[PDB]
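*Asks:* structure for the following, please:
(6 chains, ligands or ions: 10)
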Amino acid sequence: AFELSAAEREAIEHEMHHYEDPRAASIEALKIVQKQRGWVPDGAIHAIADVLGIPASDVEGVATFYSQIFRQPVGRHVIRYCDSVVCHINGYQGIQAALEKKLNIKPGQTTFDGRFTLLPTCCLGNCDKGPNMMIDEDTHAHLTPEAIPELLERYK
Amino acid sequence: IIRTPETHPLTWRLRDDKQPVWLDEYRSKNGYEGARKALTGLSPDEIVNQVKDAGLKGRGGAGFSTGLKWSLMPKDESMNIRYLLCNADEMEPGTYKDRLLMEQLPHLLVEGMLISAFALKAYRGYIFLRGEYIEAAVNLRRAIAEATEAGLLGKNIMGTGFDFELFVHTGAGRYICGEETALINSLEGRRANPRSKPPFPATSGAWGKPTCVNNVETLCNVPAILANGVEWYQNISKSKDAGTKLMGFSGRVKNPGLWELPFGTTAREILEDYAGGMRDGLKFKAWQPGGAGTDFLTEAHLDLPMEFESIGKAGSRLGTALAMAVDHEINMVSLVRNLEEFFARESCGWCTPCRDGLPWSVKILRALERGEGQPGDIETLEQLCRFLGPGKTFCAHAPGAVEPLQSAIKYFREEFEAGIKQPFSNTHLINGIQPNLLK
Amino acid sequence: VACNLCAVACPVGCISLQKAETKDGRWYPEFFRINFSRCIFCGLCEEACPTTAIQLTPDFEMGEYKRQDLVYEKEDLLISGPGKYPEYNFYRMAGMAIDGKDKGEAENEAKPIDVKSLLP
Amino acid sequence: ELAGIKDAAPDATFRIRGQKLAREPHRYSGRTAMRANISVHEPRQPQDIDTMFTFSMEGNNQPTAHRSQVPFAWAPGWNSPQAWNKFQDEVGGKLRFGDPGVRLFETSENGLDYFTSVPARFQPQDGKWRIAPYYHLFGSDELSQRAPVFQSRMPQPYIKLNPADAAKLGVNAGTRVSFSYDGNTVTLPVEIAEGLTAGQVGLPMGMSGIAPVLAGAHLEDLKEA
Amino acid sequence: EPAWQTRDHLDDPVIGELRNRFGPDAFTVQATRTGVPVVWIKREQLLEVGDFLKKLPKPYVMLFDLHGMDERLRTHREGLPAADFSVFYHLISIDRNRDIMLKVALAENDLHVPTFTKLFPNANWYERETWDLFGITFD
Amino acid sequence: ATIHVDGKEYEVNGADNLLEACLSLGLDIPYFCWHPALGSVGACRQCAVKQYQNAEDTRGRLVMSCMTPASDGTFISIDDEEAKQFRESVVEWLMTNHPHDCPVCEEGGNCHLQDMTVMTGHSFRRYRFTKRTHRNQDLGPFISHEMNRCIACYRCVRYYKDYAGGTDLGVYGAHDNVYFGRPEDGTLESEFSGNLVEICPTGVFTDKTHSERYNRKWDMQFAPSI
Ligand SMILES: NC(=O)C1=CN([C@@H]2O[C@H](COP(=O)(O)OP(=O)(O)OC[C@H]3O[C@@H](n4cnc5c(N)ncnc54)[C@H](O)[C@@H]3O)[C@@H](O)[C@H]2O)C=CC1
Ligand SMILES: Cc1cc2nc3c(=O)[nH]c(=O)nc-3n(C[C@H](O)[C@H](O)[C@H](O)COP(=O)(O)O)c2cc1C
Ligand code: SF4
Ligand code: SF4
Ligand code: SF4
Ligand code: SF4
Ligand code: SF4
Ligand code: FES
Ligand code: FES
Ligand SMILES: [Ca+2]
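*Replies:* Residues are numbered from 1 along each chain as shown, chains lettered A, B, ... in the order given. Ligands and ions are numbered 1, 2, ... in the order given. Dropping the coordinates below:
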């Protein structure tokens, strides 16, 4: 049971205006649906395939190819902590252990209430201020494991 | 650290409070004058010739000549639909130059894209920008709107007669999207699988049209060339690779950061004069010059100039010249394990050797990290490095993946040999069948 | 598993069988007949069996009056035990889902990772 | 005018270096046991007097034999359908030693004139419904619909109607409309076809009770029942 | 170097004597994994070659084998003379501890070979067996 | 055009790539992703041959014979040690995650992957870790689906989309978790979906009608018919 709203459809069409192919707005269409609904459900793939005219298999391949186009339900906030080499030298494992101790889950799982979804991510492009962590729209640098509980209370 | 316009042709206009520079402030400090000279006093062909004579190498990591790349577009006038792409992805670990280049100086990128679009007569330009750079995206949209309002983007720019439209395409977070053909594929809304070369993107690129993909730092380098001349750009350093590169050391150093230095400065100077060396109670073990896809080097390689050919002579690459320092406390087996986990979980999945051999190296390094290594794993890793070199795979992600593995095998073989504790056992004893015992 | 390897590895061609499949998905022979008047007891069917199902037991007293009665069927070859190989099961190694064996429950096989999973 | 069928395939006396062509591969199994349930005496294998093939593996199936009729593709080290690469002069092109089958006629030296009898514009007559043929891949063949695997694949028989004509009849999709053709008041559920032109009823040809000869015929007494 | 490699066998002295006796355009040498010099010899010179091998200083006093072969279906006959059928004679020199295989090529219609019974009396049953199984007539 | 394979001079068609240029002459190169009708994409990396540009060249370069044009004056080696070892390594990499399913597989004795596993002479397994698995979709009454046997050669998506024009079969997934099928379960609605049982080199897409009453390829009695 899915139906695109007015704002999502108008934004999708405006993204089709930017290119010479309606296929090229598929990634931004999926990002619009992810922004509105938290993730991309099953009917959204067919709705985007209907508005763009491309096959639904293409939309499914694009949606499942990219990591930050979520195809499964997430919590209220998605924590994306960096696990790459520079933050490993800076010790991201302490922050991962702190988040595992606080949220009492594993990387990739969601809490029973649906508050935080903990996920590793690639390099955040801020390696000089490592280690970093990207919550939904905010990046955090110079992290310490003791500041994790104080950091997680700013997202109810 | 003070930055005159001469030896810092890009980083002299930032702000001490680390705030972006807008159109009035950018234009106040000699901004959009290289674009003015390019659109008013020069043809596109002589602009391409000026960039070619400047010796501006592409700062994306390969160092290919940008003017020669611009000269490879088709000279036929029947193809007037042309595209310029700015690779603002920067998904390599250890790379942070583009973030500083667009979060604080977006109008420099806009001016360089104007100049490069006029040089190619490219009708449209796209900034393929990564999804994590949010403030950079906001600054880019604000800069595009401000330049469009004040007669710098759109229709009849300055009155020359050149129409150019600039867009920001925010990516969905895949490491392989940074590759130029995969960037073109992801720009067209498809999966980010790279394409075969030849045909190169300069002839049949985005939507089958002539399309030139350039790094952010190359487009930030071009307006200084167009404003202050070509021979001035050739008179910055006495090195074969002309220009200024944004270098810097990162990772357990005293002052990690980003500094614009001329080519030929030795890597010890960046570690000591700028990064300050190692931290309190730390020693130096290794370093890696060009992000995660580069070979490790030792202390004896620290007094080596930071050029393409000099680092390429000593069994490594210049890359993005954003070096990473690895101390003595960090175990190299676990470090290479993390590098291989990143390189195997971010593979595009098209071609066989990377897709089905990088996880094998990941599992072997997992066994070595836990001490469960078996005899024959290091030889397997060496043959894996041999068979994942250039030409074996469809693209260059896997040679860059196996460069640190072979460098750590070469220099730190005693750390890899320490992870083997259990004997080799692949089969198990089936009751009723005598096994074959090769000798 | 009715894989027909013993029938083709037989140099005489005295094994006849047809594959049938149950409701769960596992394979078995619908019938399995050996023409013992043609068999030479060369042990190539036991040698070529990938599941260790067919075995030549040490039994020789097989005298018959009519050679039509020498054609043994599936009801006469199937015994009530494992035989010479006691602790081998092919379906614990195979990657096909059967009853009591979900995907990933085989030997040296991991659990299936869905393409919609959020883990990069 | 049927003289070309002699050249379609060579006769039963055609041999590749004296031997026939094999219908089964060289590693055919169970010769002495596939008929042992009936009788332990294996009979003589059947003889094909009509054609050049034989019901046995005592035949020629090499990829380099001078023949055009290939029963199956097999090469040593090539067991897949990719074994057809050995049976061609160039891979992907024509079959080696020519493809089987010949054309019965050539192109004529001169052609026909202009067909002058143009038809009239379709005007929908009231009461009579012109039958528009809706052929399906699974169900319009006489013998393929007899296959039990096509019964789980073929669609249900729907009579296809314009939205305007269905609104005129008052019928909605899902309900049954009965139509009579030569004393057969047969009921079919209704599907709505926007692309169908008004005045026609869409019928699937080759189905149960709906012959392909119904195409173009009229259909009176089309009422909801 | 392994023993199963295709050895062309020009280092055998018998090949040198045959080249010096019958000329360099009388026979062909086949490279095989048999470990045997395989000499394709014309049908007219078969008896001359047999007498020459019988009258060597360390001669081939043994007819080890004599049998025919159907070459009508052999697709890979590179380096081999054109033949529908062939007859091979395997001879052994015990004192030399050597052996040779002489092959004569025959067409499908002209299936007659000069007999080998006079040189070696044990060729009688082998020629009878070759006639029975291959249809090759021995004059 | 004239090419040289292992010192042998061959007259070939210069408008063709090297893979079927060598396959026309009867020269065996292992290959998965290339098809004569679909084209070349350079995916499986199995068709490697060592190319030399001069007649006196020692090193050469391991190039893709399906992606290198057969121009006049290319000296390629197929049975070289480096090329053979790389092809064996590619077969081994495809065999790391392949299930132990050959007896219970509908393409046993009809498998392209079996022919290229025996062709490269790979019979020893030194991979000791776990193997990835995938779920299966119900593709209808015709196609039986077993994704565990896939090798990600991209032939199914190429044929079904760029050749057959179908819209319901696609490539999804990730690095190594690549999936080939529909976004949900249901019948493949293309009228040319049946050719996937022979386009696919492995036993992923198989004939379900044949799988009901199944016999091996050597047990089949064939005939040419219309
Ligand atoms: N975030 C970053 O900055 C990263 C940078 N890299 C760099 O990327 C490099 C690999 O780049 P690739 O594009 O895969 O390979 P490449 O070195 O062959 O190509 C790089 C550039 O050279 C041009 N080029 C080279 N030869 C050409 C020719 N004959 N004709 C036309 N254009 C030609 C290409 O068009 C492209 O713009 C690595 O060596 C590494 O240094 C790698 C990973 C991340
Ligand atoms: C796997 C891979 C990832 C890459 N990622 C980036 C990137 O994130 N940013 C970039 O500028 N170049 C990247 N490149 C290099 C590009 O191929 C190319 O050099 C770039 O688009 C333009 O470089 P140029 O400045 O020399 O013209 C990557 C290359 C590979 C093989
Ligand atoms: S090496 Fe192959 S699988 Fe890996 S990222 Fe490149 S094209 Fe994709
Ligand atoms: S032992 Fe008998 S049934 Fe088995 S392969 Fe040998 S002859 Fe055939
Ligand atoms: S007895 Fe063994 S070899 Fe024969 S069909 Fe059954 S599983 Fe296969
Ligand atoms: S597809 Fe081929 S290799 Fe895979 S299980 Fe089936 S027969 Fe074996
Ligand atoms: S399912 Fe088959 S055709 Fe498709 S990529 Fe996998 S092996 Fe190739
Ligand atoms: S390595 Fe973590 S921000 Fe770059
Ligand atoms: S056949 Fe050439 S890479 Fe697949
Ligand atoms: Ca008949």
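
*Asks:* can we go C-alpha only for contacts and neighbour counts from here?
*Replies:* OK.

*Asks:* spell out which residues of chain B are next to chain F.
*Replies:* Within chain B, the positions lying close to chain F (C-alpha under 8 Å from any C-alpha of the partner chain) are B:344-353, B:355-357, B:363, B:387, B:391-394, B:426.

*Asks:* out of these, list just those in helices.
*Replies:* Mapping the residues of chain B next to chain F onto helices (DSSP state H) picks out B:344-345, B:352-353, B:355-357, B:363, B:387.

*Asks:* show me where chain F has strands.
*Replies:* F:2-5, F:8-11, F:48-52, F:61-64, F:74-77, F:143-145, F:170-172, F:179-181, F:205-207 (DSSP state E).

*Asks:* so which of these gets nearest residue C:44?
*Replies:* strand F:205-207 (29.6 Å; C-alpha to C-alpha).

*Asks:* spatially nearest residue to residue 1 (excluding sequence neighbours)?
*Replies:* Here I'm looking at chain A. Nearest residue to residue A:1, sequence neighbours excluded (C-alpha to C-alpha, 6 or more residues apart in numbering or on different chains): residue A:43, at 6.8 Å.

*Asks:* actually it's chain D I care about, not the one you picked
*Replies:* In space, residue D:1 is closest to residue D:104, 7.5 Å off (C-alpha to C-alpha, 6+ apart).

*Asks:* quick one, what contacts that neighbour?
*Replies:* D:1-5 (C-alpha atoms under 8 Å, 6 or more residues apart in numbering or on different chains).

*Asks:* show me which of the residues you listed is closest to chain F.
*Replies:* Nearest to chain F among these: residue D:5, at 14.1 Å, using C-alpha to the nearest C-alpha.

*Asks:* how far away is the closest one from residue D:69?
*Replies:* According to C-alpha to C-alpha, to the nearest Å, residue D:5 and residue D:69 sit 15 Å apart.

*Asks:* next one: residue F:15
*Replies:* 29 Å.

*Asks:* and residue 51, how many neighbours?
*Replies:* Unless you meant another one, I'm taking chain A. 16 (other C-alpha atoms under 10 Å in any protein chain shown).

*Asks:* switch to chain D, that's the one I care about
*Replies:* Around residue D:51 there are 15 residues (other C-alpha under 10 Å).

*Asks:* now the residue sitting nearest the centre point of chain E: which helix or strand?
*Replies:* Computing the C-alpha centroid of chain E and ranking residues by C-alpha atoms, centre = their mean puts residue E:102 first, at 1.0 Å. Taking DSSP states H and E as the criterion, residue E:102 maps to strand E:98-106.

*Asks:* hmm, that strand in reach of chain D?
*Replies:* No. Strand E:98-106 stays clear of chain D (C-alpha under 8 Å from any C-alpha), getting no nearer than 15.4 Å.

*Asks:* elements contacting that strand?
*Replies:* When contacts are defined as 3 or more C-alpha pairs under 8 Å, 6 or more residues apart in numbering or on different chains; DSSP states H and E, strand E:98-106 sits against strand E:38-41, strand E:85-93.

*Asks:* residue A:87 against residue A:130, yeah?
*Replies:* Yes. Between residue A:87 and residue A:130 there is a contact at 5.3 Å, judged by C-alpha atoms under 8 Å.

*Asks:* common neighbours of these two, please.
*Replies:* Joint contacts of residue A:87 and residue A:130 (C-alpha under 8 Å, 6+ apart) are residue B:251.

*Asks:* what sits against residue 117?
*Replies:* Just so you know, I chose chain A. A:74-79, A:107-111.

*Asks:* think we crossed wires, I meant chain F
*Replies:* Residue F:117 touches F:88, F:91, F:123, counting by C-alpha under 8 Å, 6+ apart.

*Asks:* count the residues that sit near residue D:182.
*Replies:* Neighbours of residue D:182 (other C-alpha under 10 Å): 7.
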